[PDB]
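Colleague: Got a structure here, written out as structure tokens. Questions coming.
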Amino acid sequence: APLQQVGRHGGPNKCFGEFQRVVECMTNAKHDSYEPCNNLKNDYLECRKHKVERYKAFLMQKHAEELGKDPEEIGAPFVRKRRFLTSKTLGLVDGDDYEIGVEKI
Amino acid sequence: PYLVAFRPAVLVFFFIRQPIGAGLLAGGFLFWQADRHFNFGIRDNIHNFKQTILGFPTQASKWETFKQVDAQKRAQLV
Amino acid sequence: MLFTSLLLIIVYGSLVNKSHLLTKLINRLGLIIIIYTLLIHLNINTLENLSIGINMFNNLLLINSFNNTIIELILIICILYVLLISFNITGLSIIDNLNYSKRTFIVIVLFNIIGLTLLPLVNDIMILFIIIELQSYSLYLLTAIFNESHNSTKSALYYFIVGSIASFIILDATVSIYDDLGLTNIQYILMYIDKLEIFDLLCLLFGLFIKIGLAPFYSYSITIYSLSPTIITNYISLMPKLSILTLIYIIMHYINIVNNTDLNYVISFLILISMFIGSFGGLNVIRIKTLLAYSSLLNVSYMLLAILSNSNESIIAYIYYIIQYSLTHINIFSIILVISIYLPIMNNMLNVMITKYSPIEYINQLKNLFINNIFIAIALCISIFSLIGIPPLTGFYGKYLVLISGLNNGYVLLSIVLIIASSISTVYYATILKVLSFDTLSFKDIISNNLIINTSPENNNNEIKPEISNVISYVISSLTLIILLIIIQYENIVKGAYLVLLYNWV
Amino acid sequence: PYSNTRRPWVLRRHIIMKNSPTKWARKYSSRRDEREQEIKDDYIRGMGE
Amino acid sequence: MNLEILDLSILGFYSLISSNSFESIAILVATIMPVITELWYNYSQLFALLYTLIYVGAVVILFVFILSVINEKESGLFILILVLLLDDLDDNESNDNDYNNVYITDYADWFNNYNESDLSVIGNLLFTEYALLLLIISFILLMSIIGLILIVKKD
Amino acid sequence: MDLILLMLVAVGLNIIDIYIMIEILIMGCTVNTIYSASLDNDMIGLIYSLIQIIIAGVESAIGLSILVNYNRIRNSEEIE
Amino acid sequence: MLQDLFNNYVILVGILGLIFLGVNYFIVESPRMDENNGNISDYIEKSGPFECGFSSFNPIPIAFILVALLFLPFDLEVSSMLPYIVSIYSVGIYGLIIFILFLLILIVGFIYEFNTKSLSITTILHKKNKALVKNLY
Amino acid sequence: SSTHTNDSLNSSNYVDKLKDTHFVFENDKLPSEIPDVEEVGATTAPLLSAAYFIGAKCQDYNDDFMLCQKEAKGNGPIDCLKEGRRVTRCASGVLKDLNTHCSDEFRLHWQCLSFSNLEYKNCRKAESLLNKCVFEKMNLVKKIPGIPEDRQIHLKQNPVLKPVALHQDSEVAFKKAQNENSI
Amino acid sequence: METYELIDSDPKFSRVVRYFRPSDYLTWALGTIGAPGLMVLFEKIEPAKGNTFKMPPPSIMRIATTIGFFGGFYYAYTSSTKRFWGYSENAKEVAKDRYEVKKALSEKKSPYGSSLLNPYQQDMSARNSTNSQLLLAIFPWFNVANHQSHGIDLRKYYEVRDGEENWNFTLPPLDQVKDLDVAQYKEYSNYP
Ligand SMILES: CCCCCCCCCCCCCCCCCC(=O)OC[C@H](COP(=O)(O)OCCN)OC(=O)CCCCCCCCCCCCCCCCC
Ligand SMILES: CCCCCCCCCCCC(=O)OC[C@H](COP(=O)(O)OCC[N+](C)(C)C)OC(=O)CCCCCCCCCCC
């Protein structure tokens with residue numbers, strides 16, 4: 001059967017495993033209907049777009065708003081400019097806060 | 001990457017050839033870009049209005065379904 | 001066999017000297033190639049084995065007994081069309097030499113048959129877009145094969161633009177499907193037939209509806225058919241519908257799995273609207289090809305009701321109708337290519353300009369055909385009577401079978417409108433019969449020697465000189481008696497359609 | 001790194017590139033979004049069991 | 001300051017007012033360049049360069065080639081800005097709010113020790129898996145060569 | 001906004017301007033495919049995009065050839 | 001692979017474009033300084049075409065058209081050889097045979113346009129010679 | 001391959017601006033239920049220098065770590081946490097050995113790799129010294145599976161492709177061993 | 001439904017030609033001389049120009065013979081293929097096929113032949129050329145590769161049928177047959 005969901009390196013990509021488990025269930029011979037494979041179909045769609053998981057992130061954002069939880073103390077620290085991934089931020093022992101070199105590798 | 005090189009030159013000729021319109025389009029562009037950096041939510045509200053008027057599930061609507069389920073899933077624990 | 005011989009014809013035609021006899025002889029080489037293709041196809045392909053459905057070329061192409069029926073039909077109708085360009089349609093050198101002025105005519109036709117026969121078999125959205133372009137590109141070239149003609153080139157320009165928008169809609173539906181699922185193979189999409197936006201398959205249908213000339217898109221098809229040469233209109237107004245309607249039937253087969261009603265209402269909205277325009281449109285027309293363009297739209301409207309219903313009786317209704325309608329279409333156009341020899345010649349008023357591309361262009365150029373050739377007039381009468389739906393011709397059984405499929409699925413509103421639309425359209429089929437015969441008895445004894453046929457040279461004055469060539473006459477007679485005498489073998493033919501399966505099985 | 005997965009600016013702002021039979025249904029038709037919103041709702045509707 | 005918006009607003013302004021065919025061909029080049037540049041950054045650098053090589057280098061200079069052949073012959077500021085502003089307000093192509101407001105990541109892994117470019121995989125599949133798609137394409141190209149000559153060549 | 005068919009105001013009044021709109025329209029389809037394929041890390045979508053770019057080129061060449069012969073057909077006196 | 005060094009280059013070249021235009025506009029002497037006879041606008045004599053001195057007022061060959069038109073099919077053939085270049089080893093003999101077949105079908109097009117001599121400009125209008133034939137009575 | 005992804009650092013900061021990339025940290029360490037391991041601290045060049053000696057010493061654990069991934073059937077990260085620490089400890093064992101037995105031979109080689117684009121073809125003179133030292137003091141050898149012994153690339157006396165520029169410390173150290181050892 | 005034994009779901013091109021019956025060569029010959037005749041028959045039916053029979057120029061007859069030379073072979077190729085698939089009479093080929101395979105397994109060689117193609121290339125090649133003869137009337141495509149997806153069970157070549165034991169062929173267990181999937185993944189589970 002034709003290959004679908006081929007990664008950028010020729011191998012199976014992130015969501016190929018889910019799609020293959022769907023094909024095994026649909027083309028199986030011990031199934032009377034397609035009901036048992038209904039959950040596997042959701043997982044393949046979930047693996048690709050994360051729509052249900054993004055929704056869960058929306059409630060946790062919205063629930064903290066209605067409780068007053070401080071975003072900076074519930075969320076995770078982040079850096080927007082790659083030049084400021086300094087050794088002070090990375091936690092190195094004697095690291096400066098001077099910017100790092102992201103010009104040429 | 002070619003638009004990085006062309007963008008400075010085309011903008012100069014856009015103002016030289018047609019300054020008056022260029023002010024508005026640049027004026028319009030900056031107004032919304034500022035509203036995104038300062039969270040004026042004017043574009044968010046038009047999005048939240050458009051979803052209501054065309055039947056879409058708005059952010060308020062999604063949260064309401066959470067509260068119905070919130071009360072109902074607590075009510076069984078009574 | 002088709003592809004391999006096409007390369008030989010491409011190279012050989014570019015070598016030998018430009019002449020009409022060699023161009024006509026190469027057209028008879030293609031007539032062999034199409035015949036050879038049918039013998040090889042029928043040898044390996046059987047209804048009994050293709051019933052399950054067989055994947056080919058890494059599942060890109062899927063073939064079953066429903067598709068296989070149309071490939072043989074397409075090959076047959078392409079033989080009857082090539083007989084026109086390969087032999088004489090009139091025998092008068094002035095009128096006929098148009099068919100032999102182009103050497104790439106047969107090559108482009110052979111290009112299209114590859115495009116037409118592969119379209120029903122497609123099983124991947126990647127190959128759906130490629131194949132639909134191979135068929136679409138071949139039609140534009142054939143429409144512009146007579147590049148000297150102003151109307152022909154103007155039509156190909158109109159055809160290319162409308163088809164380009166049609167192909168973009170088709171391409172956009174497939175992209176949207178790939179966006180939701182990430183899968184290209186149609187069988188893999190069927191696993192998610194309940195999890196995808198079923199209206200994105202409808203956007204695919206809206207692109208295929210443009211290419212078959214369905215209202216509200218009907219406007220361009222009527223214009224195109226009434227401008228191309230009658231030999232060209234004979235091909236481009238029938239062949240695309242043979243291969244696209246088969247594809248539309250399959251796509252609707254998959255669609256009715258989830259049985260979405262909103263999808264059916266929109267298509268019923270287009271079928272209902274098309275019957276109205278297909279019937280009331282042809283009432284006020286003077287050009288015959290414009291008349292057969294409105295006639296074509298109405299029959300496509302009937303054939304969509306069988307497609308839309310999509311049951312076990314819908315396969316029988318579609319399979320039978322698509323066959324009888326092709327033979328009727330070939331028979332009518334073949335006659336119009338012949339009876340141009342009876343046109344009068346001036347020795348004035350209304351300044352009607354006729355060209356060698358459409359020598360027969362107006363309905364009243366069929367006048368007094370009951371006098372000039374009675375036998376061929378009845379053949380045109382029988383053919384038109386089939387389109388009307390008078391039993392026991394082939395046309396009646398098409399409408400009767402379509403009605404069974406339509407009403408069995410609850411399409412009461414559309415069934416009644418099609419029976420109203422059929423009667424409204426009978427008005428303008430009756431006009432063709434009015435022009436053929438009604439003024440016979442006033443013109444019965446007339447002194448006619450100014451006909452085009454009277455400019456033919458006299459050969460010997462002792463031997464019998466037939467007026468019409470041999471091959472074209474045998475085709476007209478054969479298809480006229482098949483239309484007329486289908487009642488004799490109708491039961492066998494219909495029982496031969498019960499076996500054509502599209503995953504019915506058990 | 002966490003980054004968004006939104007369509008290109010040209011795909012959703014060009015005066016011509018944004019017009020299409022399916023792109024209007026994504027933008028102006030609720031049919032698709034109401035169907036998918038059911039699956040998101042039923043995630044939290046199944047935590048009771 | 002996502003400046004890619006301002007390039008299209010200028011582009012959307014000149015598409016409403018173009019009169020001759022010189023400006024019409026300019027809208028083509030002014031649309032590919034944002035398409036190429038927004039593909040170079042973000043999504044795919046390989047298809048940004050394929051677009052330049054195939055669209056600009058091949059199909060764009062054909063337009064200006066025939067415009068010199070075809071011919072060269074022959075609104076109000078309030079309505080335009082009003083239309084452009086109205087066009088500017090609603091730019092959400094999709095209505096899945098969480099899909100447009102919540103960010104995602106992927107996890108890398110070291111299982112792929114044979115790392116090669118995408119164009120390596122595309123050739124790997126196009127010349128093996130979908131060799132029918134590749135062969136039909138050369139067939140579509142073949143028909144065009146015949147198709148161009150029959151349309152245009154005089155004798 | 002585009003539900004009032006604004007894009008018709010943005011297409012010029014020459015046959016060549018229609019041809020360009022067809023290319024800009026199809027360009028949107030290919031950009032949509034490249035977008036999905038890269039996010040999914042799927043090269044099959046990139047095979048589709050490569051085909052769309054190649055097929056969209058053949059469509060341009062045929063359309064221009066018809067337009068070119070359409071133009072010379074009027075200017076076909078050539079009795080000098 | 002980092003490309004922040006490349007980005008600065010493209011930005012600088014973009015800045016270099018504005019400099020080339022404006023350096024002329026700031027270094028040329030004022031029109032009053034030279035001769036004052038007018039600006040480029042009013043001086044329509046100076047702002048005009050060059051026709052070698054005498055004032056005067058495209059039906060190109062179809063061969064030129066077919067040269068440009070046939071460029072497009074032959075370009076898509078060349079650009080679709082790109083995937084085979086970076087995958088020549090891993091497709092092996094199978095992809096090599098397919099590639100050759102992909103080239104043979106296009107070559108049959110090259111044969112077709114070589115036999116018709118489509119690109120030749122030809123001379124149908126002129127270069128005629130005749131035989132002087134006497135018509136004695 | 002320099003394709004943009006959603007999983008690591010991209011080409012330019014203009015990619016980050018379009019994607020609105022946030023570089024997110026997670027301060028939370030692992031729970032105490034999972035016994036701790038000392039992560040390997042070597043950088044790119046030392047690992048590529050000692051890669052074939054990690055393969056020679058940790059072959060059983062690497063195979064077993066992978067066989068746990070094959071037979072975990074998709075739950076690989078969670079069900080191979082204990083087998084994944086043996087590999088980390090084994091590899092730390094090799095780098096600690098090279099630092100305490102062949103510190104100068106090891107450093108010379110991966111300074112060459114850091115000098116010659118991390119390519120094995122450019123550092124054969126330093127690499128040959130390191131392999132000879134490791135064999136006598138740890139018994140590890142470099143073997144490339146799948147080919148005869150006589151046809152391994154790193155033993156090729158006259159390679160077709162040679163470095164353009166020489167590493168001074170490699171050429172100086174090599175000829176010294178031509179006196180110390182080639183007696 | 002006329003069903004027979006499935007000799008080979010994807011018969012190899014060289015095998016299909018070596019299995020032509022004498023009647024298959026007759027069809028190839030008839031197709032070769034039929035196409036030039038069909039041109040003559042049309043002229044007898046109707047002259048191309050004028051009103052009297054005129055033999056077509058010899059150049060047309062040479063190109064006609066070539067076109068009918070491939071068409072005859074294609075008809076011959078498809079008819080020979082039906083026997084392998086079991087759609088046609090294949091008792092004569094079944095014994096001929098069994099003799100070659102039982103001999104092949106005996107020498108410990110693979111029945112399918114050694115292949116330059118790696119595991120993925122072998123399986124990919126099979127997908128393209130399997131059931132490709134159904135569209136052999138449209139465009140050609142042949143199985144010219146020594147792959148292993150032929151839709152048979154090699155166990156069925158061990159049992160002795162009528163008139164076979166006299167061959168006295170010794171068949172080793174498949175695990176020791178060179179170039180088979182059951183005899184290659186002995187060192188690593190992903191490399192043959
Ligand atoms: C490095 C910079 C290169 C560009 C320098 C020119 C910049 C000026 C702004 C034009 C480019 C903006 C992009 C939108 C195209 C608009 C084209 C147009 O409408 O005409 C512009 C130009 C001047 O005419 P104008 O007075 O503005 O309009 C009424 C004239 N009857 O009418 C003309 O045709 C005059 C000649 C202009 C030819 C420009 C060719 C098209 C542009 C291609 C190069 C730039 C690519 C696009 C990059 C920016 C994309 C937003
Ligand atoms: C196994 C049975 C095979 C039967 C023969 C089939 C091939 C026909 C060629 C015969 C020779 C020939 O063409 O002879 C010539 C005759 C007569 O021609 P005419 O009109 O008098 O021309 C004038 C003749 N002069 C020059 C002497 C004046 O043509 C025919 O009668 C053609 C009959 C029509 C073809 C029948 C085919 C039916 C197809 C049915 C399947 C769908």
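Letters for chains follow the order of the structure tokens (A, B, ...), residue numbers begin at 1 for each chain, and ligand numbers begin at 1 in the order shown.
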Write out as a PDB file with C-alpha atoms, in the first residue's frame each polymer residue whose atoms come within 10 Å of residue 444 (chain C), counting only C-alpha atoms; drop sequence neighbours fewer than 5 positions from it.

Modeller:
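Below is the file that was written, selection.pdb:
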ATOM      1  CA  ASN C 368     -37.429  19.711 -47.191  1.00  0.00           C
ATOM      2  CA  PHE C 370     -38.114  14.684 -46.531  1.00  0.00           C
ATOM      3  CA  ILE C 371     -37.906  15.471 -50.254  1.00  0.00           C
ATOM      4  CA  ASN C 372     -34.173  15.451 -50.953  1.00  0.00           C
ATOM      5  CA  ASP C 439     -43.840  21.573 -46.083  1.00  0.00           C
TER       6      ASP C 439
END

Colleague: Please identify every polymer residue within 7 Å of ligand 1, using only C-alpha atoms and all ligand atoms, and present the set as a ChimeraX atom specification.

Modeller: /B:3,5-7,9-11,13-14,17-18 /E:7-8,10-11,14,18-19,22-23,26-27,29-31,33-34

Colleague: Could you save the residues just selected, with C-alpha atoms, as a PDB file, in the first residue's frame?

Modeller:
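Saved result, part15.pdb, follows:
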ATOM      1  CA  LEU B   3      11.599  41.245  -0.298  1.00  0.00           C
ATOM      2  CA  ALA B   5      16.176  43.929  -0.257  1.00  0.00           C
ATOM      3  CA  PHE B   6      13.298  45.383  -2.284  1.00  0.00           C
ATOM      4  CA  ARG B   7      11.221  46.685   0.637  1.00  0.00           C
ATOM      5  CA  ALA B   9      13.367  50.885  -2.254  1.00  0.00           C
ATOM      6  CA  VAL B  10       9.702  50.260  -3.063  1.00  0.00           C
ATOM      7  CA  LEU B  11       8.564  52.199   0.010  1.00  0.00           C
ATOM      8  CA  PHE B  13       8.887  55.247  -4.536  1.00  0.00           C
ATOM      9  CA  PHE B  14       5.496  54.555  -2.964  1.00  0.00           C
ATOM     10  CA  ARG B  17       4.738  58.740  -6.416  1.00  0.00           C
ATOM     11  CA  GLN B  18       1.660  58.714  -4.147  1.00  0.00           C
TER      12      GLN B  18
ATOM     13  CA  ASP E   7       3.750  44.848   1.571  1.00  0.00           C
ATOM     14  CA  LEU E   8       0.357  43.358   0.717  1.00  0.00           C
ATOM     15  CA  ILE E  10       0.475  48.376  -0.940  1.00  0.00           C
ATOM     16  CA  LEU E  11      -0.110  45.424  -3.260  1.00  0.00           C
ATOM     17  CA  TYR E  14      -2.439  48.911  -6.617  1.00  0.00           C
ATOM     18  CA  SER E  18      -4.293  49.152 -12.229  1.00  0.00           C
ATOM     19  CA  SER E  19      -5.335  50.242 -15.720  1.00  0.00           C
ATOM     20  CA  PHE E  22       2.087  46.966 -17.429  1.00  0.00           C
ATOM     21  CA  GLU E  23       0.617  47.270 -13.942  1.00  0.00           C
ATOM     22  CA  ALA E  26       3.467  44.121 -11.934  1.00  0.00           C
ATOM     23  CA  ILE E  27       0.842  42.648  -9.600  1.00  0.00           C
ATOM     24  CA  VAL E  29       5.717  39.962  -9.559  1.00  0.00           C
ATOM     25  CA  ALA E  30       4.528  41.895  -6.514  1.00  0.00           C
ATOM     26  CA  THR E  31       2.653  38.772  -5.340  1.00  0.00           C
ATOM     27  CA  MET E  33       7.899  38.118  -3.972  1.00  0.00           C
ATOM     28  CA  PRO E  34       5.852  38.095  -0.737  1.00  0.00           C
TER      29      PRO E  34
END

Colleague: Got a sec to pull out which chain F residues are within 9 Å of chain D, counting only C-alpha atoms, and send them as an MDAnalysis selection string?

Modeller: chainID F and resid 2:3 5:8 10:11 21 24:29 31:32 35:36 39

Colleague: Can you list, as a list in words, every protein, DNA or RNA residue that comes within 12 Å of region 19-21 of chain B when you count only C-alpha atoms, leaving out same-chain residues fewer than 5 positions away?

Modeller: residues 11, 12, 13, 14, 26, 27 and 28 of chain B; 9, 10, 13, 14, 76, 77, 78, 79, 80, 81, 82 and 84 of chain E

Colleague: Just the residues within 7 Å of region 18-22 of chain A, please, counting only C-alpha atoms, with nothing from its chain fewer than 4 positions along; format it as a VMD selection string.

Modeller: chain A and resid 26 37 40 to 41 43 to 44

Colleague: Could you take the residues named above and write them with N, CA, C and O atoms, as a PDB file, in the first residue's frame?

Modeller:
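part.pdb, freshly written:
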ATOM      1  N   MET A  26      -8.914  -0.953  10.329  1.00  0.00           N
ATOM      2  CA  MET A  26      -9.914  -0.890   9.268  1.00  0.00           C
ATOM      3  C   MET A  26      -9.820  -2.090   8.334  1.00  0.00           C
ATOM      4  O   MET A  26     -10.844  -2.648   7.929  1.00  0.00           O
ATOM      5  N   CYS A  37     -12.482   1.032  15.690  1.00  0.00           N
ATOM      6  CA  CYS A  37     -11.411   1.881  15.190  1.00  0.00           C
ATOM      7  C   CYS A  37     -11.724   3.364  15.311  1.00  0.00           C
ATOM      8  O   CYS A  37     -10.941   4.186  14.833  1.00  0.00           O
ATOM      9  N   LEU A  40      -9.015   5.281  17.326  1.00  0.00           N
ATOM     10  CA  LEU A  40      -7.757   5.423  16.603  1.00  0.00           C
ATOM     11  C   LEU A  40      -7.831   6.537  15.572  1.00  0.00           C
ATOM     12  O   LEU A  40      -6.834   7.220  15.326  1.00  0.00           O
ATOM     13  N   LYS A  41      -8.995   6.727  14.952  1.00  0.00           N
ATOM     14  CA  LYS A  41      -9.144   7.808  13.987  1.00  0.00           C
ATOM     15  C   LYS A  41      -8.981   9.162  14.654  1.00  0.00           C
ATOM     16  O   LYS A  41      -8.387  10.078  14.079  1.00  0.00           O
ATOM     17  N   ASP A  43      -7.154   9.796  17.275  1.00  0.00           N
ATOM     18  CA  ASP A  43      -5.759   9.986  17.652  1.00  0.00           C
ATOM     19  C   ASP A  43      -4.920  10.472  16.482  1.00  0.00           C
ATOM     20  O   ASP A  43      -4.023  11.302  16.661  1.00  0.00           O
ATOM     21  N   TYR A  44      -5.173   9.958  15.278  1.00  0.00           N
ATOM     22  CA  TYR A  44      -4.419  10.432  14.124  1.00  0.00           C
ATOM     23  C   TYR A  44      -4.706  11.898  13.842  1.00  0.00           C
ATOM     24  O   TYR A  44      -3.787  12.672  13.560  1.00  0.00           O
TER      25      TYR A  44
END

Colleague: Counting only C-alpha atoms and all ligand atoms, what are the residues, protein, DNA or RNA alike, that approach ligand 2 to within 8 Å? I want them as number ranges by chain.

Modeller: C: 469-471, 474; I: 41-42, 44-46, 51-53

Colleague: Could you write out that same residue set with C-alpha atoms as a short mmCIF file (atom, residue, chain, number, x, y, z; two decimals), in the first residue's frame?

Modeller:
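For reference, part.cif as written:
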data_model
loop_
_atom_site.label_atom_id
_atom_site.label_comp_id
_atom_site.auth_asym_id
_atom_site.auth_seq_id
_atom_site.Cartn_x
_atom_site.Cartn_y
_atom_site.Cartn_z
CA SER C 469 -20.19 7.73 -49.13
CA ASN C 470 -20.20 4.13 -47.96
CA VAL C 471 -18.87 4.18 -44.40
CA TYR C 474 -23.54 2.32 -42.85
CA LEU I 41 -9.31 -3.38 -46.38
CA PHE I 42 -10.38 0.24 -45.81
CA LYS I 44 -11.26 -1.76 -50.68
CA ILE I 45 -14.15 -0.52 -48.52
CA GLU I 46 -13.61 3.05 -49.67
CA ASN I 51 -13.51 6.67 -56.55
CA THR I 52 -11.30 3.68 -57.47
CA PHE I 53 -9.02 1.39 -55.49
#

Colleague: May I have a table of the residues of chain A lying at most 10 Å from chain B, giving each one's closest pair of atoms and their distance in Å to one decimal, counting only C-alpha atoms, ordered by chain and ascending residue number, as CSV?

Modeller:
residue,atom,partner,partner_atom,distance
A:55,CA,B:62,CA,9.3
A:58,CA,B:59,CA,9.1
A:59,CA,B:63,CA,7.5
A:62,CA,B:63,CA,8.0
A:63,CA,B:63,CA,9.3
